[PDB]
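Q: The structure file data.pdb (PDB, C-alpha atoms (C1' of nucleotides)) is provided below.
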```
ATOM      1  CA  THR A   8     -38.322  45.033 -14.078
ATOM      2  CA  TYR A   9     -38.974  43.686 -10.593
ATOM      3  CA  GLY A  10     -38.198  40.552  -8.640
ATOM      4  CA  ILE A  11     -34.821  39.001  -7.969
ATOM      5  CA  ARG A  12     -32.666  36.045  -8.970
ATOM      6  CA  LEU A  13     -30.666  34.333  -6.226
ATOM      7  CA  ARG A  14     -28.370  31.307  -6.296
ATOM      8  CA  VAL A  15     -27.780  28.814  -3.483
ATOM      9  CA  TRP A  16     -25.741  25.636  -3.134
ATOM     10  CA  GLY A  17     -24.424  23.197  -0.562
ATOM     11  CA  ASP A  18     -23.460  19.613   0.149
ATOM     12  CA  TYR A  19     -26.376  18.299   2.230
ATOM     13  CA  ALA A  20     -30.115  18.914   2.284
ATOM     14  CA  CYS A  21     -33.260  17.313   3.666
ATOM     15  CA  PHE A  22     -36.823  18.355   2.799
ATOM     16  CA  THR A  23     -38.756  15.682   4.655
ATOM     17  CA  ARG A  24     -41.947  14.344   3.122
ATOM     18  CA  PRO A  25     -44.923  14.810   5.482
ATOM     19  CA  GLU A  26     -45.985  11.155   5.385
ATOM     20  CA  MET A  27     -42.559   9.656   6.200
ATOM     21  CA  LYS A  28     -41.610  12.067   8.971
ATOM     22  CA  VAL A  29     -40.519   9.659  11.719
ATOM     23  CA  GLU A  30     -38.081   7.972   9.317
ATOM     24  CA  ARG A  31     -36.988  10.999   7.339
ATOM     25  CA  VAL A  32     -37.208  10.786   3.554
ATOM     26  CA  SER A  33     -36.632  13.860   1.418
ATOM     27  CA  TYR A  34     -38.412  15.212  -1.626
ATOM     28  CA  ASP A  35     -36.602  15.262  -4.951
ATOM     29  CA  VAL A  36     -36.490  19.080  -5.046
ATOM     30  CA  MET A  37     -36.986  21.926  -2.620
ATOM     31  CA  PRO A  38     -40.681  22.757  -2.140
ATOM     32  CA  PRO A  39     -41.821  26.393  -2.269
ATOM     33  CA  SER A  40     -42.180  26.563   1.516
ATOM     34  CA  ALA A  41     -38.439  26.125   2.035
ATOM     35  CA  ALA A  42     -37.778  28.889  -0.494
ATOM     36  CA  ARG A  43     -40.167  31.077   1.491
ATOM     37  CA  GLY A  44     -38.204  30.248   4.614
ATOM     38  CA  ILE A  45     -34.764  31.018   3.209
ATOM     39  CA  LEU A  46     -35.637  34.414   1.753
ATOM     40  CA  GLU A  47     -37.111  35.640   5.029
ATOM     41  CA  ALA A  48     -33.755  34.856   6.657
ATOM     42  CA  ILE A  49     -32.085  37.761   4.828
ATOM     43  CA  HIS A  50     -34.702  40.497   5.195
ATOM     44  CA  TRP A  51     -38.341  40.521   6.252
ATOM     45  CA  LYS A  52     -40.727  42.826   8.072
ATOM     46  CA  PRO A  53     -44.379  42.403   9.070
ATOM     47  CA  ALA A  54     -45.406  44.909   6.400
ATOM     48  CA  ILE A  55     -44.633  42.766   3.317
ATOM     49  CA  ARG A  56     -45.005  39.312   1.766
ATOM     50  CA  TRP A  57     -42.821  36.991  -0.297
ATOM     51  CA  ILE A  58     -44.147  35.509  -3.547
ATOM     52  CA  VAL A  59     -42.264  32.649  -5.216
ATOM     53  CA  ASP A  60     -42.425  32.233  -8.995
ATOM     54  CA  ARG A  61     -39.922  29.637 -10.215
ATOM     55  CA  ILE A  62     -37.055  27.335  -9.288
ATOM     56  CA  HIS A  63     -34.207  26.010 -11.436
ATOM     57  CA  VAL A  64     -32.508  22.655 -10.841
ATOM     58  CA  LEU A  65     -28.904  22.532 -12.027
ATOM     59  CA  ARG A  66     -27.554  19.179 -10.792
ATOM     60  CA  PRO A  67     -28.491  15.493 -10.960
ATOM     61  CA  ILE A  68     -30.287  13.683  -8.152
ATOM     62  CA  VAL A  69     -28.386  11.580  -5.598
ATOM     63  CA  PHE A  70     -29.237   9.941  -2.267
ATOM     64  CA  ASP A  71     -27.479   8.713   0.865
ATOM     65  CA  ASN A  72     -28.409   7.303   4.269
ATOM     66  CA  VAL A  73     -27.606   8.308   7.855
ATOM     67  CA  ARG A  74     -28.755   7.160  11.296
ATOM     68  CA  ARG A  75     -28.674   8.935  14.653
ATOM     69  CA  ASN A  76     -29.776   8.842  18.284
TER
ATOM     70  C1'   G B   1     -38.716  40.573  13.309
ATOM     71  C1'   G B   2     -44.582  34.975  13.176
ATOM     72  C1'   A B   3     -44.396  30.256  11.632
ATOM     73  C1'   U B   4     -37.766  26.580   6.217
ATOM     74  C1'   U B   5     -43.622  19.303   8.838
ATOM     75  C1'   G B   6     -39.455  23.973  11.676
ATOM     76  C1'   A B   7     -37.459  25.202  16.395
ATOM     77  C1'   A B   8     -34.062  20.672  21.109
ATOM     78  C1'   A B   9     -31.696  15.400  20.087
ATOM     79  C1'   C B  10     -23.934  11.025  22.024
ATOM     80  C1'   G B  11     -23.818   4.595  19.839
ATOM     81  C1'   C B  12     -22.716   4.544  24.486
ATOM     82  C1'   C B  13     -20.811   2.029  28.726
ATOM     83  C1'   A B  14     -15.844  -3.110  28.754
ATOM     84  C1'   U B  15     -13.442  -8.017  27.774
ATOM     85  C1'   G B  16      -5.728 -12.528  27.434
ATOM     86  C1'   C B  17      -4.993 -16.268  21.085
ATOM     87  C1'   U B  18      -4.279 -18.951  24.911
ATOM     88  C1'   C B  19      -1.863 -23.536  26.747
ATOM     89  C1'   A B  20       3.315 -27.288  23.623
ATOM     90  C1'   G B  21       5.826 -30.300  19.900
ATOM     91  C1'   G B  22      13.609 -33.677  17.384
ATOM     92  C1'   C B  23      14.883 -32.334  10.023
ATOM     93  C1'   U B  24      15.700 -36.612  11.100
ATOM     94  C1'   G B  25      18.109 -41.050  10.161
ATOM     95  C1'   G B  26      23.467 -42.207   5.749
ATOM     96  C1'   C B  27      26.255 -42.531   1.099
ATOM     97  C1'   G B  28      34.766 -43.732  -1.965
ATOM     98  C1'   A B  29      36.386 -38.032  -7.155
ATOM     99  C1'   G B  30      37.299 -42.578  -8.710
ATOM    100  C1'   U B  31      39.631 -45.112 -12.490
ATOM    101  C1'   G B  32      45.412 -43.587 -15.963
ATOM    102  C1'   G B  33      48.952 -40.909 -19.438
ATOM    103  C1'   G B  34      57.799 -39.755 -21.704
ATOM    104  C1'   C B  35      58.959 -32.116 -22.364
ATOM    105  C1'   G B  36      60.598 -34.392 -26.039
ATOM    106  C1'   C B  37      63.436 -34.516 -30.663
ATOM    107  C1'   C B  38      69.402 -31.266 -31.769
ATOM    108  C1'   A B  39      72.836 -27.072 -32.451
ATOM    109  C1'   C B  40      81.566 -24.236 -32.317
ATOM    110  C1'   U B  41      82.534 -18.397 -28.413
ATOM    111  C1'   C B  42      84.606 -18.099 -32.866
ATOM    112  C1'   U B  43      87.511 -15.301 -36.123
ATOM    113  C1'   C B  44      93.735 -11.371 -34.692
ATOM    114  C1'   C B  45      95.734  -7.795 -32.503
ATOM    115  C1'   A B  46     105.383  -5.580 -29.462
ATOM    116  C1'   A B  47     106.596  -5.031 -22.965
TER
END
```
So that I can check it, write out the structure of this file as structure tokens.
A:
Amino acid sequence: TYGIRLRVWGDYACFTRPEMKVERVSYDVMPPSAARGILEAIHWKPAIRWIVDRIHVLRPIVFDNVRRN
RNA sequence: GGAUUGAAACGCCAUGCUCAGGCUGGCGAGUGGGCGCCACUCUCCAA
């Protein structure tokens, strides 16, 4: 009908929670705002809007720690 | 061609495991035992 299905994957990710920003801690899954951000990176013009509907999670949850200057 | 609580963000500069110490002193392969018993070169061939 209309709308699209897109797949994305990678090895690292960090969607920082607003209330633990100085010491970054990530959500368990990507919030809709990040999805908004990614789609606009392929094509976007001032004349249109993006509307997100769903997200599918296909892997288990894992965590790791890193420190930097 | 606005805005992924985002856009930028070195763990970095440098320091001897060093100085020295005996595997030593010493102890019998040593005591002793028959190669023995006995047996035909012997029968015949002109120079």
Q: For the PyMOL selection byres ((chain B) within 12 of (chain A)), applied here, can you spell out every residue it catches as a list in words?
A: residues 1, 2, 3, 4, 5, 6, 9, 10, 11 and 12 of chain B
Q: Pull out every residue that the PyMOL selection byres ((chain A and resi 66) around 12) matches in the shown coordinates and put them as a VMD selection string.
A: chain A and resid 16 to 18 35 to 36 63 to 65 67 to 69
Q: Any idea what the distance is between CA of residue 29 in chain A and CA of residue 15 in chain A?
A: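 Atom-to-atom, CA of residue 29 in chain A to CA of residue 15 in chain A, that is 27.6 Å.
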Q: May I ask for the distance between CA of residue 70 in chain A and CA of residue 34 in chain A, given in Å to one decimal place?
A: 10.6 Å
Q: For the atom pair CA of residue 33 in chain A and CA of residue 74 in chain A, what is the interatomic distance in Å to one decimal place?
A: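 Going from CA of residue 33 in chain A over to CA of residue 74 in chain A covers 14.3 Å.
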Q: Return the padded bounding box of range 14-22 of chain B as JSON: axis-aligned, built from all atoms listed in the file, 8 Å added on each side, with centre and edge lengths in Å to one decimal.
A:
```
{"center_x": -1.1, "center_y": -18.4, "center_z": 23.1, "size_x": 45.5, "size_y": 46.6, "size_z": 27.4}
```
